[PDB]
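Peer 1: before I ask anything, here's the sequence and the deposited coordinates:
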Amino acid sequence: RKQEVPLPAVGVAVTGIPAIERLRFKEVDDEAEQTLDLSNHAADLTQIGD
DNA sequence: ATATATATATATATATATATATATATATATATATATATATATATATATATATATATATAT
């Protein structure tokens, strides 16, 4: 009951064409900490070359 | 009448053949257990499509 009968191929679906663009890489998430710093950056005082 | 010899009833001893009882060893069948490979099923992450909810907007 696992022989293969000679019935035709009808409704032949073509899909999953392996375009190399379709691959996306793993998105490993980071959860260690947060970048809260939003200081005013007062070091911006003018000191520029002559 | 006498003297001899034999026969009948019953059991025991010895031999022959049949059959059963006992034991062992073997071959066989079988059950079973294991191992391998394969297929199948479930869980998780992500992409895709469908459906619903909410809101806007036309007509009364």
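Peer 2: Right, received. Where do you want to start? Residues are numbered from 1 along each chain as shown, chains lettered A, B, ... in the order given.
Peer 1: so what's the residue count around residue A:46?
Peer 2: By other C-beta atoms under 10 Å, the residues close to residue A:46 number 4. C-beta coordinates here come from the backbone N, C-alpha and C atoms, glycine included.
Peer 1: again with residue A:36
Peer 2: 5.
Peer 1: secondary structure element for it?
Peer 2: Under the criterion of DSSP states H and E, residue A:36 resides outside all helices and strands.
Peer 1: same question for residue A:28.
Peer 2: Applying DSSP H and E, one finds residue A:28 in no helix or strand.
Peer 1: please apply the same query to the one 10 residues further on.
Peer 2: Here residue A:38, judged by DSSP H and E, is contained in no helix and no strand.
Peer 1: give me the phi and psi angles of residue A:22.
Peer 2: The phi/psi pair for residue A:22 (degrees, to the nearest 10) reads phi -70, psi -10.
Peer 1: can you pull out the helices in chain A?
Peer 2: Taking DSSP state H as the test, none of chain A falls into helices.
Peer 1: would you mind listing what in chain A touches DNA strand B?
Peer 2: Neighbours of DNA strand B within chain A, by C-beta under 7 Å from any atom of the strand: A:24, A:26-27.
Peer 1: give me the buried entries from those residues.
Peer 2: Neighbour counting by 16 or more other C-beta atoms under 10 Å classes none of those as buried.
Peer 1: any idea how far residue A:32 is from DNA strand B?
Peer 2: 18 Å (C-beta to the nearest atom of the strand, to the nearest Å).
Peer 1: next: residue A:41.
Peer 2: Per C-beta to the nearest atom of the strand, residue A:41 is found 35 Å from DNA strand B.
Peer 1: count of residues packed around that residue?
Peer 2: For residue A:41, the neighbour count with other C-beta under 10 Å is 7.
Peer 1: equivalent analysis for residue A:19, please.
Peer 2: 7.
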